[PDB]
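Shown here is one chain on its own, the form deposited in one PDB entry, set out as structure tokens.
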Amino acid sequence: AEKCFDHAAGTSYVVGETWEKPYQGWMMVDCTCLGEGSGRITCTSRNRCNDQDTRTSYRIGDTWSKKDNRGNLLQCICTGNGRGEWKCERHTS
């Protein structure tokens, strides 16, 4: 039973396990254990859209406005369709 201690989490995950692990501070992705030799963990966010503009990981079916780099406001949404395709649509007035 190769465990995948996430250390910063202080929790183990027997091979073939999956849990939640906040990335930087607000980000969050599903860290899965695959046991390679010392405890490898494939963390990926396919169902947890995360925007680095508001510093807040959204969920599936959620929605949040997020400008780009000019000052507009792309009303993005975590459509979640296979890998969290949270798209962003500027204000189309």
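Numbering starts at 1 and follows the sequence shown.
What comes next is about the form solved in complex with a partner chain, which is not displayed.
Not displayed here, the partner chain is kept clear of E20 by more than 4.5 Å at the level of heavy atoms in the bound PDB entry. Among residues of the shown chain, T42 is one whose heavy atoms approach the partner chain to within 4.5 Å in the bound PDB entry. The partner chain in the bound PDB entry comes within 4.5 Å of no heavy atom belonging to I60. Of the heavy atoms in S65, none are within 4.5 Å of the partner chain in the bound PDB entry.
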